[PDB]
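Report on one structure; see the data block that follows.
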Protein chains: 2
Amino acid sequence: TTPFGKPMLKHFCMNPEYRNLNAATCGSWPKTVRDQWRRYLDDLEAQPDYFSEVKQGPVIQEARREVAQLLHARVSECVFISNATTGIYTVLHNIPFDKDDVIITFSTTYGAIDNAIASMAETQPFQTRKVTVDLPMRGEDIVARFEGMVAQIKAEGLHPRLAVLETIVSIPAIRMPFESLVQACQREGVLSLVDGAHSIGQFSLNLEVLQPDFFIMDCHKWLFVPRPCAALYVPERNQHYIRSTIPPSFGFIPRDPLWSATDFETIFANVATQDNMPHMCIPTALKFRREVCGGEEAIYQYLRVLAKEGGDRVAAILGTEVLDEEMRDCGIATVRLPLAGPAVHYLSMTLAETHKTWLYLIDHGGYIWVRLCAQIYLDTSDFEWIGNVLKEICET
Amino acid sequence: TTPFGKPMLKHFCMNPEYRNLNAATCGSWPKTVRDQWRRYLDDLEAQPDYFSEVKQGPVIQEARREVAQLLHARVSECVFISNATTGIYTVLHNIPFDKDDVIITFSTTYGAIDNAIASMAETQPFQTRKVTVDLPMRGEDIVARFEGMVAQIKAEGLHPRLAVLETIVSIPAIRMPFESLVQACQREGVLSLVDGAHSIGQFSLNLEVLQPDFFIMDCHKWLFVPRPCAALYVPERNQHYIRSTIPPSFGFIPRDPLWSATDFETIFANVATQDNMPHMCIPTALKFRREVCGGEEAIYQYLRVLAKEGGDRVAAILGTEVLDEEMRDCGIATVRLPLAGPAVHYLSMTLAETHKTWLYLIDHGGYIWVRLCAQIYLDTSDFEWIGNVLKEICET
Ligand SMILES: *Cc1c(COP(=O)(O)O)cnc(C)c1O
Ligand SMILES: *Cc1c(COP(=O)(O)O)cnc(C)c1O
């Protein structure tokens, strides 16, 4: 119905000047989602407990159902969590790790995940190995060091237990060869934890063909919902591992109340207090996306096509290059700044205050890179806007 | 300014018919809080990242400061958490437990806490003892079995490490002798984890004289803020125990990033994604309470006085009794129903649907009890309202 680009600006709820090149961090939802979001506040403020106890349940069961469809997965294999870090941790914590089990990560693994792994190792006797990845690299050359690491670990007599993988690197943002890495884990006997925080709502995803051991995603990053909102995919063949949430609560299951579906689903049903309304905007966001956006695929292809061109443009104006070896099969472009605390500081100051947009930077190799994010309301003009901005900002 | 009772109905945002005898579960906040809450949504929707990165910090530093004042505690000893269960767990998880350490709980300890303790014991070699408490009991008779348990445990050659205590029992709701129990832990060398989920905003609290080893509270239960909102008190003499949040994240601290106050405070500063707006309504709720409610004490005394009389009234109409041995020094009354799944079900059906109010019940000894909660907008009439309702509901 509405052609994408700036013609979609009227469907959303931002300052007309505000340029959102960073939608995934907090989210970006349409009018019909903020409306229905606000429609759920009233029903909470008009009858708190009847909303809570009766009117909340079924809409959540609906939202699960659509997400399970959007992943080509079974609704019984999908549960809702507060944020990604909770889900990944929830999986890690429930796994009984021996002293000979090895957890494999990469130099692209999210820092919070490394910390989570660092912490468990204090009271648990396992160990870890970090597959060195220094982008730009090729998709098969990553899988090369992976099976190189797994074969060494089996040669040392240890047991490659679990491998942490991500769809998109947080920053520097690329699409990792995660399908290939899931496969290598299948043949070797390694469990594949997939941190797909940037995944659903950005590019097509078929968990039925992928068959990932565990799949985490942040709906609030690309599914047009407010933060925090996530979901956890575990296939039935692995639902036995997860016996409790993090933190634990009433759905706990021991290895052997009256005021109160499979055991796995109730674990994530009887949990401490939660705001569920972001999850209850999944239907209205996925209806917007079928009726206004012309279906999921329509959205994905724009996000990929805006990201390709727009990123190459900004690269030129600055005089640098967009990280690449497709690792750019994503609505994200990570562009290098011509720059080899305060400065880094000041740069961001200008964005939020002066150019009411915002970008993320990172320390790499003799240069600082930035993360640009596409979305159906931006246009190639907007990315050329930021490009020229950044060049002057850079130089100043 | 406004006299309490139904004259305070105009300051809040509920259905005019709706009777809220259960405010603590979800919360009950005034107009000036929902307003300012909504004022923070716009600033998030107008400039997401500048709100997030600049405009969010100081108001949180303010909210901490008032809560630290309201507890007579230092602002450096107080951090914000998402809900209670997170905080209690966060404390439990960080404590290194030996195989000879004993965790002491009671038959009043929250079920989710028991589950949390059950779970850690699977991968950790400690053990536990449960002090049997069958209310109605006297305050000193609880402390009697407590030191009876601690002396036995030291007689068995084990080390009484930690003791889980609560200000208010979740249900059946009473005020436990927690001051006395904190003291007994001081002399014996036992750590006092206080689940004070029902505490702040309901009765005065001086952590400086109490000196609890760890103190958890749910602000959304009695401080006029929306759920979920909590806070964690740890005195400096124990801040060394807590090295990470649950789930872990960037503030982690090992026993030995660039896009980024004591170490304890940063742990709870660098955490995964969060909605902070309930915490940012602490100033506007505590201003309402000093200017409209006539100060904290004014609020407490009503809540205690409404709860005393109102509960005794409902007790009579039914023909039963309010649980008691002051254990009722709280704005909560737990009344026995003349009743010795579906029925229990149906009872609640009627409340939310028919009498658009809501109450909690529980299985006890030959009888089912209910939890009634006072608040500055209810009146003794409202509790006499529910009393007669309940009697007929009961009989039917
Ligand atoms: C966004 C993100 C996370 C965590 O998301 P939270 O909502 O902050 O838990 C983890 N890993 C990656 C790669 C991410 O991009
Ligand atoms: C309310 C309550 C809790 C937990 O509160 P959440 O916000 O659900 O974590 C724990 N213990 C007691 C006694 C409570 O009353």
7 Å along Cα→Cβ, label-point gaps from A:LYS287 to other copies, nm, shortest first: 3.8
More than 19 Å apart - percent of Cα-Cα pairs taken over the range B:196-293: 54 percent
Ascending count of other beta-carbon atoms within 10 Å, so fewest first, for B:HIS240, B:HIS220, B:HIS11: B:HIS240, B:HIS11, B:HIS220
From phi via Karplus (6.51, -1.76, 1.60), per-residue ³J(HN,Hα) for the range B:192-204 in Hz, x at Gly/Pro: 10, 8, 10, 7, x, 4, 8, 7, 4, x, 10, 9, 4
Relative intensity, log₁₀ I(q)/I(0), of the range A:242-396 from a Debye sum that treats every alpha carbon as a point, q = 0.10, 0.14, 0.15 Å⁻¹: -0.59, -0.83, -0.87
At q = 0.06, 0.08, 0.13 Å⁻¹, base-10 log of I(q)/I(0) for chain B (Debye sum, equal scatterers on each alpha carbon): -0.25, -0.45, -1.16
Inter-label distance, nm, simple model (7 Å from Cα along the C-beta direction), A:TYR367/B:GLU140: 7.9 nm
Check: chain B dipole with +1 on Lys, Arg Cβ and -1 on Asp, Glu Cβ, in debye: 500 debye
Positive-end residue, the range A:334-390 charge dipole about Cα centroid, Cβ charges, pick of A:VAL389, A:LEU359, A:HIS345: A:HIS345
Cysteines in chain B that, by Cβ-Cβ distance, have no pairing candidate under 4.7 Å: B:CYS13, B:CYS26, B:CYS78, B:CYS185, B:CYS281, B:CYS293, B:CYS330, B:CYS373, B:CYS394
Rg followed by Dmax, in Å, when the range B:154-214 is reduced to its Cα trace: 12.6, 41
Amide H contacts under 5 Å for B:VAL225, placed H, 5+ residues apart: B:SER28
For A:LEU191, distant residues with modelled amide H under 5 Å away: A:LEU162, A:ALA163
Test item: B:112-125 mean partner chain Cβ contacts at 10 Å: 5
Under 13 Å, Cβ to Cβ, from A:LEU318 - net charge with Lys/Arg +1 and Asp/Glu -1: -2
B:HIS240-B:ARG74 pseudo-label distance in nm [points 7 Å out on the Cα-to-Cβ vector]: 1.5 nm
Neighbour net charge for A:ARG237 - beta-carbon separation under 10 angstrom, K R +1, D E -1: -3
Per-selection Kirkwood Rh - the range A:1-116 (Cα, Å, 1 d.p.): 18.6 Å
In the range A:46-95, the trypsin sites (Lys or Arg not before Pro) that fall in loop regions by DSSP, at most 15 other Cβ within 10 Å: A:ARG74
Built amide H within the under 5 Å cut-off of B:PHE12, gap 5+: B:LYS31
FRET efficiency for B:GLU53 and A:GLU122, using Cβ-Cβ distance with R0 set to 41 Å, rounded to 0.05: 0.80
Largest-first principal axis extents of the Cα set of the range A:276-363 (Å): 45, 32, 21
Kirkwood estimate for the protein assembly as shown, i.e. one over the average of 1/r between Cα atoms, Å: 28.0 Å
Separation between Cα centres of the range A:208-273 and the range B:1-73, rounded to whole Å: 31 Å
Percent of C-alpha pairs per 5 Å bin, the range A:342-396, short to long: 4, 15, 30, 28, 14, 7, 1
Modelled FRET efficiency - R0 35 Å, B:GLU353 with B:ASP329, Cβ distances, 0.05 increments: 0.55
Under 13 Å from the Cα of B:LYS154 - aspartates and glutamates, other chains or at least 8 residues apart: B:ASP100, B:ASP101, B:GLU188
Relative contact order (%) - the range B:122-249, alpha-carbon pairs under 8 angstrom, separation at least six: 16 percent
Tail fraction, Cα-Cα pairs, the range B:66-167, threshold 19 Å, whole percent: 52 percent
Given charges at Cβ of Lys, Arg, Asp, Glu: the range A:24-107 dipole, positive-most of A:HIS72, A:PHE97, A:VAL33: A:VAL33
Within straight-line cross-link reach of B:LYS287, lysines at Cα separation under 28 Å, skipping those fewer than 8 residues along the same chain: B:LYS6, B:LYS10, B:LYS31, B:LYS55, B:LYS221, B:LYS308
Packing-based order for B:266-277, B:140-151, using average beta carbon neighbours within 10 Å, highest first: B:266-277, B:140-151
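Note that we place each Cβ from the backbone using ideal geometry, even for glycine, and neighbour counts take in every protein chain shown. The numbers here are math on the coordinates, done by the rules we state, and not lab data.
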